[PDB]
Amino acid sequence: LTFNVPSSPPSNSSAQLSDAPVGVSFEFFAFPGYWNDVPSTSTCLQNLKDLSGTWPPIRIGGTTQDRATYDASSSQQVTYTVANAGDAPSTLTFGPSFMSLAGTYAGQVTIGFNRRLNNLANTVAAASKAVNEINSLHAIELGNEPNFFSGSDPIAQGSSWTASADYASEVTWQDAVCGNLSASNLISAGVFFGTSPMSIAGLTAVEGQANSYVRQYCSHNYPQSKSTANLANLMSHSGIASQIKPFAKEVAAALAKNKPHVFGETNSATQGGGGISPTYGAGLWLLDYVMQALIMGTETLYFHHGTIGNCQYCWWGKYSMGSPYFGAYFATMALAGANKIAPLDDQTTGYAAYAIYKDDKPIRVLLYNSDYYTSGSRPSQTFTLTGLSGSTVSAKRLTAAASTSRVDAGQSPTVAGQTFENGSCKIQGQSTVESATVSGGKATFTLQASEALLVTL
């Protein structure tokens, strides 16, 4: 395997990147718990800001945003009952202090409010409070995954809930919210799970002048369920290229409206994740997915964090770190301060190489070996880079014992030999940097199955 590193961005490069493409989504009812009850939240976010110079953007939403009513006279951030701490509530209220708490975050904040219950005046009042309380407010969603609403939901108003019904609903709600707030460029529109039966392509065709009310168009993506869980398939480099392809039309539809696309809620697998979601391989999926989604043209990805103590795809909890945090950390490291990324491979194999540009000059190369590995002799692949300078380059390696390695089982992955403390997210260990010879502008690297390597030029 040999890849030429071009001296300026290739034609199949990404567009200019955001300052911090890797963000975090927090299930709406659990957001105060993440801030108040989970010590690792602050440090895990600070660790990423320390790499990029920008707070990861955050989003607060999910199914529970459509179970929630704003209570302007509540002094509580969030009020609900569950039978077990592991359950999500069937209903909840949130006070104005919920938005104030989100307003303590310095990074860009997206907040999702309720459209399913058709409480339009209540959602307008929550939106007004969000604008007042959240200085770094990026966007407001009006409903989460309206593709899953039914004729039984208040928003359907006793008629069938079709794609056309939702698009018409979104324009009406965008008009009422922006009209009441005298605002524009505010709504995170669509918020669809996948691309059928509702699509950004379909919504943008109907938006017309209400496009002016839209900040961004939003997709959700979860490649697998508990029932289709297959870690080798999830993390496969060529598999990821196939998996994201339906969203290419969604990105194109948003960008034709001069509005960004985001994956405003995404993670490995649904119902909070399956046996594959806490693995090292799910962190490698996350790493490679981020790179491919940004080249496709999405602006930002927000990885979902669900019920505290019952969340398989979470990067951290109250007590343990999760292997997937290593993918988010490495992706953030790879992209830090970069303007563009370009795929050097053709995405037909398990092996990836990306050139990473700053000021139109190559600064880093990210290599990825997506081969699934659990037992026996671990295979490896050599990667040759051409077109380089000097007599030597440096590299940092992401590795673990197996594709299935879990931090909570004691098999943490390492990022240049470092790990993150259980219960705090503090960085731990001695960093180790590798070096390689450059002769005649070529250097060779070896990646075992299920590894990634960030080469600094």
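One-based numbering along the sequence shown.
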Discussion item. Using only C-alpha atoms and the B-factors in the entry, which stretch averages higher, 172 to 180 or 95 to 103?
Written reply: 172 to 180
Practice prompt. Averaging only over Cα atoms, indicate whether 381 to 389 or 363 to 371 has the higher B-factor in the PDB entry.
Written response: 381 to 389
Worksheet item: From 351, 149, 222, 285, which pick has the Cα B-factor that tops the rest in the entry?
Response: 149
Worksheet item: Checking the entry, which one of 439, 448, 25, 14 has the top C-alpha B factor?
Response: 439
Fill in: Record-listed C-alpha B factor of residue 300: chain third
lowest
Item to complete: Check where residue 326 lands among this chain's C-alpha B-factors and tell me if it's the lowest, middle or highest third.
Response: lowest
Discussion item. Looking at the temperature factor on the CA atom of residue 194, which third of the chain's modelled residues does it land in?
Written reply: middle
Worksheet item: Ranked by Cα temperature factor within the chain, is residue 158 in the lowest third, the middle third or the highest third?
Response: highest
Worksheet item: Mind checking which third residue 289 falls in for C-alpha B-factor across the chain?
Response: lowest
